[PDB]
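Chemist: Provided herewith is a single structure, encoded as structure tokens, for subsequent inquiry.
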Amino acid sequence: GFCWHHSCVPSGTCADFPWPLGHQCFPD
């Protein structure tokens, strides 16, 4: 995952998020 200014997707979080994100699958 990554953590960028309140937009922080945890490592392992693979789920749907609002577009333009859509499905985000970040193993890291």
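Following the order of the structure tokens, first chain is A, next is B, and so on, with residues numbered from 1 inside each chain and ligands from 1 in the order they appear.
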Could you list, as a count of residues only, every residue within 9 Å of residue 9 in chain A, counting only C-alpha atoms and ignoring same-chain residues fewer than 4 positions away?
Modeler: 10
Chemist: Could you give me, as number ranges by chain, each residue of chain A that DSSP assigns to strand (DSSP E or B) when run on this structure's backbone?
Modeler: A: 2-4, 7-9, 13-17, 22-26
